[PDB]
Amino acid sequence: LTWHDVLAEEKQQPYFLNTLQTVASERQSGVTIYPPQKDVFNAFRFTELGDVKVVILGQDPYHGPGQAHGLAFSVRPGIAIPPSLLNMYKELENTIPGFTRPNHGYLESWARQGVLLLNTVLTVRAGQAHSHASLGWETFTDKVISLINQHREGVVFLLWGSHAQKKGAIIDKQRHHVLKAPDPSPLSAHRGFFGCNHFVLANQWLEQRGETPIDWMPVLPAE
């Protein structure tokens, strides 16, 4: 069960080719888009289908230079921790034993442990937030979540904010564990995200199923 195996038929779809072609055309026309084309599918690269244990949905990649690199919420090394990720940290410190706030926002180690850090829209025009929505990525990421709901069993979904929560409609809630809560954005963290305990609840669900829990402390690769 790999991505190339289940997504092969979807790569052929007219709407999908339309999207990649629009993005590519814009890049060719001098429109800077993030992340670099080489990093657009990193989430699937780092986390294969049989390895998906936790699914955390984001919206679109960061629109600033050097921030995004294919993973949701994660920023490259040397980039300031974005406010939301910071609040994700504040909740982890409060709940996960042994967790101390990191000094970066690079989450490759999460992806390596089975956390599919997926943004619903995989690209953005530099400087303009949400510039690539209603362009095809949503349909694609809808199928991706549909494929996970289908071929897998017991995956714990972490849906933050009402936008993300809408994608729970295609997830059988008896087949998969779905945890809802408001977005970790400073504006909304104080109405349900803080104290949601999503991280510890996620690991408890993973241990009560034979799977090895996630070590939420992110690590930095050398040099």
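Throughout, we count residues from 1 along the sequence that is shown.
Where do the C-alpha atoms have the higher mean temperature factor in this entry, in 196-204 or in 12-20?
-> Result: 12-20.
What stretch has the higher average Cα B-factor here, 65-73 or 26-34?
-> Comparing averages over the C-alpha atoms only gives 26-34.
Identity of residue with top Cα B-factor, from 186, 161, 168, 58 | So the option with the highest C-alpha B-factor is 168.
Taking the values exactly as deposited, rank residue 49 by C-alpha B-factor within its chain and report the matching third: lowest, middle or highest.
-> Tercile = highest for this residue's CA B-factor.
Chain-wide C-alpha B factor ranking for residue 125, given as lowest, middle or highest third = CA B-factor rank for residue 125: lowest third.
Would you mind checking where the Cα B-factor of residue 147 ranks among the modelled residues of its chain, as the lowest, middle or highest third?
-> According to the entry, residue 147 has a C-alpha B-factor in the chain's middle third.
Going by what the PDB entry lists, where does residue 135 fall on CA B-factor within its chain: lowest, middle or highest third?
-> Highest third of the chain for residue 135's C-alpha B-factor.
Assigned third (lowest, middle, highest) for the C-alpha B factor of residue 101 = Top third by C-alpha B-factor.
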